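Below is one structure, written out as structure tokens; comments come after it.
FYI the Cβ positions are ideal-geometry reconstructions off the backbone, even for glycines, and counts take in every protein chain you see. Each answer follows from the model by the rule given with it, or from the source it names; none is laboratory data.
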Amino acid sequence: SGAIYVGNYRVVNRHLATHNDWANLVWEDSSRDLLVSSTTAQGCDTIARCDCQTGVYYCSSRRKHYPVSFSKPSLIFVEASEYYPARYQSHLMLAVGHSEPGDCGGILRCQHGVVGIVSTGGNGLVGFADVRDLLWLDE
Ligand SMILES: CSc1ccc(Br)cc1CC(=O)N1C[C@@H](C(N)=O)CC[C@H]1C
Ligand SMILES: [Zn+2]
């Protein structure tokens, strides 16, 4: 679990969106595993607008932050699950690091701000949905 709170927006993993997120829907994309909903209160977070490939992410299954080297946003194959058919997820960045299913929503940050959120993983791998290209989040 976890979300990004910026301005009057809440950014969450689309597969973890609540009834309230869908009732206050701004934008959603199954191919990116992202959903953005509107809020009444002003958010706490700021978004990075950079090309950083190193950062730090929060891992809930270890209650710890870890440093990572991550790949550029790209189209990566993701196995079928209860949430989605087998498909290519776009704007996904991979890194070597620990992750379990419940880790989705953990924030990845660089020196400039929020980069994205945990969205996939495997045996010693962790994948993040990029949000740096969503310029409308703060303007
Ligand atoms: C941090 S997630 C994770 C980590 C380790 C291991 Br094994 C497995 C996962 C779970 C995972 O990759 N997905 C894919 C995700 C998606 N974006 O399609 C939807 C939830 C779930 C099925
Ligand atoms: Zn950066």
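For region 45-62, a residue qualifies if it is in contact (Cβ under 8 Å) with a residue 24 or more places away in the chain, surrounded by 14 or more Cβ atoms within 10 Å (Cβ to Cβ) and in a loop (DSSP other than H, G, I, E, B), and the qualifying residues are 45, 46, 48, 52, 60. Any residue at all in region 109-120 that is buried (at least 21 other Cβ atoms within 10 Å of the Cβ), over 22 Å from residue 6 (Cβ atoms) and not assigned by CATH to the domain that holds residue 10? Yes; the residues of region 109-120 include at least one that is buried (at least 21 other Cβ atoms within 10 Å of the Cβ), over 22 Å from residue 6 (Cβ atoms) and not assigned by CATH to the domain that holds residue 10.
For beta carbons closer than 7 Å, sequence separation of 6+ or different chains, a first residue in region 63-75 that is closer than 15 Å to residue 116 by Cβ and in contact (Cβ under 8 Å) with a residue 40 or more places away in the chain and a second that is surrounded by fewer than 17 Cβ atoms within 10 Å (Cβ to Cβ) and not hydroxyl-bearing (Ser, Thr, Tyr), the qualifying pairs are 70/53. With respect to the conditions (1) under 21 Å from residue 16 (Cα atoms); (2) away from ligand 2 (no atom under 16 Å from the Cβ); (3) buried (at least 16 other Cβ atoms within 10 Å of the Cβ), residue 97 falls short on a single one, namely (1).
Checked against the criterion of being farther than 11 Å from residue 117 by Cβ, among the charged types (D, E, K, R) and part of a strand (DSSP E or B), region 20-27 contains not a single residue that satisfies it. For residues that are near ligand 1 (Cβ under 8 Å from one of its atoms), hydrophobic (A, V, I, L, M, F, W, C) and surrounded by 21 or more Cβ atoms within 10 Å (Cβ to Cβ), scanning just region 121-139, find the one that is farthest from residue 47 (Cα to Cα). Going through the qualifying residues, I end up with 126. Across region 56-75, the number of residues qualifying as within 10 Å of ligand 1 (Cβ to nearest atom) and either touching a strand residue (DSSP E or B) at 6+ places or on another chain (Cβ under 8 Å) or farther than 16 Å from residue 103 by Cα (or both) comes to 1.
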